[PDB]
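# Fold and geometry: a report
Each chain is listed here by its residues.
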Amino acid sequence: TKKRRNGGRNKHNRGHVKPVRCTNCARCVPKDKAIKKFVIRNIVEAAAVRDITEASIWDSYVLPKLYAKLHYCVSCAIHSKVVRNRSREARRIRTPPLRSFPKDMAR
Amino acid sequence: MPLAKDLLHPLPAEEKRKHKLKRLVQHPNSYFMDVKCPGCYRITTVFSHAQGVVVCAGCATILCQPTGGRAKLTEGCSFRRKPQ
Amino acid sequence: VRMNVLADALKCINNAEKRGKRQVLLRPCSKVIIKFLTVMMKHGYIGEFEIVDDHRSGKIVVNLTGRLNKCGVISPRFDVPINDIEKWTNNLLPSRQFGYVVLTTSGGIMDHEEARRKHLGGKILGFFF
Amino acid sequence: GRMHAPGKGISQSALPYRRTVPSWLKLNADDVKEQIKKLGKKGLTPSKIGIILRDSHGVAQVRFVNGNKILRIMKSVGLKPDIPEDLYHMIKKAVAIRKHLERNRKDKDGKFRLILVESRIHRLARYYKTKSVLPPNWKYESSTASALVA
Amino acid sequence: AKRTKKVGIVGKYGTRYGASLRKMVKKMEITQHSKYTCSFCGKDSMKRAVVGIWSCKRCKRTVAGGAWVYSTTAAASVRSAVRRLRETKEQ
Amino acid sequence: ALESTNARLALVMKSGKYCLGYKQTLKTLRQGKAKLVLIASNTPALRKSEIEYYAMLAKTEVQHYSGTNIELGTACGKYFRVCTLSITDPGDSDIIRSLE
Amino acid sequence: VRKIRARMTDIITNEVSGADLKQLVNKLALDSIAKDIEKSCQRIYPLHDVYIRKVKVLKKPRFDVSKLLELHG
RNA sequence: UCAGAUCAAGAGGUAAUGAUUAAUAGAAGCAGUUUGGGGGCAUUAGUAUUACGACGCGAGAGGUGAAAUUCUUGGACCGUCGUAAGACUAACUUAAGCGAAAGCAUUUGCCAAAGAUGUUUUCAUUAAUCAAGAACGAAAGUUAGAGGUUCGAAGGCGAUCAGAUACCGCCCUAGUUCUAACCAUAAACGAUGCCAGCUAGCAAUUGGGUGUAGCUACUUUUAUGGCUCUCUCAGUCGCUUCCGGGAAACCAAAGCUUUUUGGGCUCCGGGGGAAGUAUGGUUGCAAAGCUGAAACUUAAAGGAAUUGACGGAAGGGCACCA
RNA sequence: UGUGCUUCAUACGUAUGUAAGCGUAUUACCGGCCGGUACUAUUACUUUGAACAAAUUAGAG
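What you see is numbering from 1 along each chain in written sequence order, possibly unlike the entry, with residues lacking coordinates removed. Written order decides the labels, with chains lettered from A and ligands numbered from 1. What is shown is a subset of a larger assembly, and the numbers refer only to that subset. Only hydrogens and water are set aside; all other atoms, that is, all heavy atoms of the structure, feed into the side-chain values.

Method of structure determination, per the deposited record: cryo-EM was used for this entry, reaching 3 Å resolution.

Applied cut-off: UniProt positions are given in the numbering used here, feature names are shortened, and annotations may be inferred rather than shown by experiment.
Where the PDB entry is consulted, chain D appears under the name 40S ribosomal protein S13, with the organism given as Drosophila melanogaster. What the PDB record gives as the title of this entry is "Drosophila melanogaster Ovary 80S ribosome". Check the Subunit section of the UniProt entry for chain D; it says "Component of the small ribosomal subunit. Part of the small subunit (SSU) processome, composed of more than 70 proteins and the RNA chaperone small nucleolar RNA (snoRNA) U3." Per UniProt, chain D carries the Sequence similarities text "Belongs to the universal ribosomal protein uS15 family."

Going by what the PDB entry lists, chain A is known as 40S ribosomal protein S26 and is assigned to Drosophila melanogaster. Listed in UniProt under the heading Subunit, the comment for chain A reads: "Component of the 40S small ribosomal subunit."

Okay, here's the thing in structure tokens:
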């Protein structure tokens, strides 16, 4: 049976939409059927940051951030546990939650 | 609401809102401009959603410009909306 | 497109009484369908309706009680003689106590009780009970 | 709606209930006779005469100021077109798709738009040959067509 | 009537040479022997004298053309390209 | 084939007077009767240059049409090819004031 | 978008034809185009941070140190 | 002459002297304002990946579960400026948009077309759906040229493994690329034909219109632009439950299929196999496509859900028979 | 051209369910209200008929 009203995602008024490549897997999965992670990361862990701001000649030199987007195969995002096996009533929730912590995945 | 039953006589600001077509009797949202352009005061009668530019006898410049909906007069058009 | 006005103003009645509204707007009132409601008006089922006269096709704002159960149309308009008028009351109407199948006989638009005494036959125009 | 397209959007004119208004008109009601045809002599199709007189005179609807329509007034003068207007413009479109296709081929979506407009010139021809404003023996042949509309 | 279902102008080589080389030469065997419309006076009179040279029976203009087609597509993409370099390098 | 003179030609082909060809055109241009001479793209350069030398002498303006022989004739309604026409009395068109 | 992209291409091609780089790099050392590419286009859309982001110098005219001594000295 | 009848009346005069509506049907227009990764052709940009040229460096480098194949006649890898070529158009990118569907994303020009909105424009039933027939139809495959970076079926090596014609790793071939043709199939899916009427909430957004001295950029405020709430069309999304329906999963349609019902049109199915086979016909260059049985066999095949089973299923926990 | 009024014939001041009188003329004559009588846009549908074997069937006795 039809497990989702979305199916993948967002395939309405398109017919067929472009694919991207997975990161860990290097698949060719649709752009919309894709776990996407716009990952912002500090370059220097923010725990070895005091070693680096010692060597900063300038005004302690506020650190640049790393920017990427993690297009994921579905079978290779469950495997890396970005997403997991929700309950059938928890399946329906999309926007909640942010609601966790300060800045995650950095650490 | 099982009793919107004054379809016979709705409140005239409600049907003012509705549409030109969706109401009980279709009716235009338009009118006619008896304009008095102060360059020369010969009165020309135009349509509001004009479907045509217009000249005058003396001040024959443009007097009206096309748009999507209501055609915009050229800011020196001392008009008065009237059924005369 | 509208291959019946009589279907697009009798389901529009029937869909608005199962929700229990007190007034239905029908469109666009062929004089076939006015004399269909006039059959239903004089048997109690329909209030005194109002015909808004815009000069395109017409609109009616029909009052109603709530006694109606299923007031539909038969299509296509099968020509029914008098001897096979009861094969269309048996399998259609709930019991022979009440209900009507409306006919367009050669004289006018009438139900199946007035036609079987006046001895007229015609086409089936719809039904209500 | 839209026999050849998906878009079911409704929009039209909403003509009011009152008929003989203008109650303010400057001249005779039937002096639009000598401005239907004086702008009919400038080659204007009656769609363009129905909106050039909305703004100068400015008449609202001709079939209430006079007795009958704009197309009937022009042939009462004698300015009826060689081909009626909703075929004159429907063919000038299908002409222009062919002139675009005699230089820009590889285009299978302007070609598709030609089969649409040609399948409905053949629907207005198939009707105008019944109501007898086009004679019989009148077809859409696309090799003579560009000298009709130009 | 129609005399051949499929060969057209290459029924003259009939049952000779194999079906593909008859099919292949037929594309060239039609455009050569065609009358192209003359691009100098307008008539359907621009026929081929020899390989590569085309001439018009009225107006008396001989042109230099392709082996079978009057103007090749590889040469009209040069006449375009040259005048869009001529537009830049002149003014 | 600009649609601003193709629309104006088809009015002179119903209301106007003209002469549709080269030898009738110089008949008009010698007679001081042409108002406007359209000439084709395709028309040869001597026939071109002596049309303009007559129109210099007869004060008629020459419009250079943007199409061949096959396209002036089509835009004149005709099933033949025109390379020269001289409009001598336009009825409804304002082809006199239409600039290039 | 295409109306401001029209407007961004005409002012900076009035700035670049602008008395060679001793004026021009001094403009981008002030970002003086970025304060006039901003206030002009806000008759079309209120625009965000404008960053000139890249300049290639794909062609170089001549070496000729007579034009370098007032440029370096 | 009456002329039984039958042609035409001295035609200029006496007849309200004759054209229904204009569909919240369609079509076409517009001084219309637009809008959209819609299609075509030119033009043009972006880094990247290669491959080479210089120059510095010094023995490693690719890769992987661990590897090896492989690259270093050291000048590789790496760093760097480069030149050249073919591809692909990121990020912005959405529950946005366009398109008949397949599909569509660097600007800029030109070309033709489209929905929608607006409209006291035009015509007057021109419309609805559809055997036959036509046009388009991802990818792959096929022809004939031009290309030929990346990738890569096939093939050739290295491992792993009892086996490994596989997964994993290396150079690669047809192909991907462009042109001119062919082919006509996809889970071509929303597994949901098209036009039409009705039936409800709630919130967002695409497009257009119209009142907000709502704000608001500044030529001075105004003209505009941006948004604000307030309407309004065509919707599309989203979520909540019907006076809904269904076997359920579930769905504002998949409801109004009442109490065997009825707006119209078209296509398809009748237990499972044998089988989309055989065969004939037709299309095709081929691959193959559109048609399409029976013999025999079979008491079940199947759908949505429930409890256990409690395994490369994630979660949270426990134990010296861990 | 849908009916309205005026009605009266007709179930009980009420009910026309047969009809008659105004919407300028629902077909011209003679007969004693009544007959001969001149004149009928169309088809589908429908009313009652005509017309035609019996046996069967329905079925009366």
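### Observations regarding the protein's contact with RNA strand I
The criterion, for reference: The nearness test applies per residue and asks whether one of its heavy atoms lies within 4 Å of the molecule or strand. Nonpolar residues are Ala, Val, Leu, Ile, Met, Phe, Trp, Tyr, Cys and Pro. Charged residues are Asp, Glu, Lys and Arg, and all others, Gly as well, are polar.
Every residue close to RNA strand I is listed here: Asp79, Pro81, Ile82, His119 and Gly121 of chain C. Of the residues that constitute the surface near RNA strand I, the class distribution is two nonpolar, two polar and one charged.

### A few points about the interface of chain F and chain D
Cut-off, in case you're wondering: Contact between two residues is taken to exist if any of their heavy atoms lie within 4.5 Å; hydrogens are not considered. Accessible area, probed at 1.4 Å, shrinks when two parts are joined; the buried area is that loss added up over both. Salt bridges are identified by distance alone: a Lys or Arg side-chain nitrogen within 4 Å of an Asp or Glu carboxyl oxygen. Within 3.5 Å is the distance limit for a polar contact, defined as a pair of N or O atoms, with the added protein rule that one can donate a hydrogen and the other accept it, and that residues adjacent in sequence qualify only through two side-chain atoms. Numbering of helices and strands runs from the N terminus; a helix is a DSSP stretch of H or I covering at least four residues, while a strand is a stretch of E covering at least two.
Chain F puts 13 residues into the contact, and the matching count from chain D is ten residues. Taking both partners together, chain F and chain D bury about 820 Å²; carbon and sulfur atoms supply 51% of that area. When the area that chain F buries against chain D is broken down by residue, the three leading residues are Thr74, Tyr79 and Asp92 of chain F, summing to 46%. At the junction of chain F with chain D, the criterion picks out three salt bridges. Taking the shortest distance from any N to any O, the salt bridge between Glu3 of chain F and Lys92 of chain D comes out at 3.6 Å. The tally of links between chain F and chain D comes to two residue pairs in polar contact. Mapped by element, the contributors of at least two residues to the side of chain F that touches chain D are α1 (6-15) and α4 (69-75) of chain F. In terms of residue class, the side of chain F that touches chain D is built from five nonpolar, three polar and five charged.

### Regarding the protein's contact with RNA strand H
Taken together, 136 residues are adjacent to RNA strand H, and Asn6, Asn13 and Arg14 of chain A, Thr67 of chain B together with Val73 of chain C come closest. Per the 4 Å cut-off to the protein, sugar and phosphate atoms form 72% of the nearby atoms of RNA strand H. Between RNA strand H and the protein, one listed contact pairs a phosphate oxygen with a side-chain N or O atom of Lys111 of chain D at 2.4 Å. Counting residues per element, the surface near RNA strand H draws most heavily on helix α6 (residues 111-128) of chain D, which supplies nine residues. When the residues that make up the surface near RNA strand H are grouped by side-chain class, the tally is 40 nonpolar, 38 polar and 58 charged.

### Structural notes on the interface of chain B and chain D
In this assembly, 16 residues from chain B lie in contact with 13 residues from chain D. Here chain B meets chain D over a buried area of about 1,400 Å², counting both sides, of which 57% is carbon and sulfur. Considering only the surface of chain B that becomes buried against chain D, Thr45, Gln51 and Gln84 of chain B emerge as the three largest contributors, covering 33% of it. Scanning the region where chain B abuts chain D turns up zero salt bridges. For the side of chain B that touches chain D, the leading source of residues is strand β2 (residues 44-47) of chain B, giving three residues. Looking at the side of chain B that touches chain D, its residues break down into eight nonpolar, seven polar and one charged.

### Notes on empty space enclosed by the protein
The following threshold applies: Definitions used for this entry: grid spacing 1 Å over protein atoms alone; cavity, a set of points where a 1.4 Å probe fits but cannot get out; pocket, an open set with protein on both sides within 12 Å along at least 5 of 7 lines; lining residue, one with an atom within 4 Å of a point. Grid points are joined across faces, edges and corners, and a volume is the space filled by probe spheres set on the points.
For the structure on display, the rule yields two cavities of 30 Å³ or more. By volume, the largest cavity is sized at about 70 Å³. Along its surface, the largest cavity is lined by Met33, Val35, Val46, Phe47, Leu63, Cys64, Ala71, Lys72, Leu73, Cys77 and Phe79 of chain B. Of all elements in the fold, only β1 (32-35) and β2 of chain B reach the threshold of two or more residues within the lining of the largest cavity. When grouped by side-chain class, the residues that make up the lining of the largest cavity number ten nonpolar, no polar and one charged. Each pocket or cavity is described by its volume, and for the second largest cavity that value is around 50 Å³. Lining the second largest cavity are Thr5, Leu9, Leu36, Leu38, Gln63, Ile95 and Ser98 of chain F. Per-class residue counts for the lining of the second largest cavity are four nonpolar, three polar and no charged.

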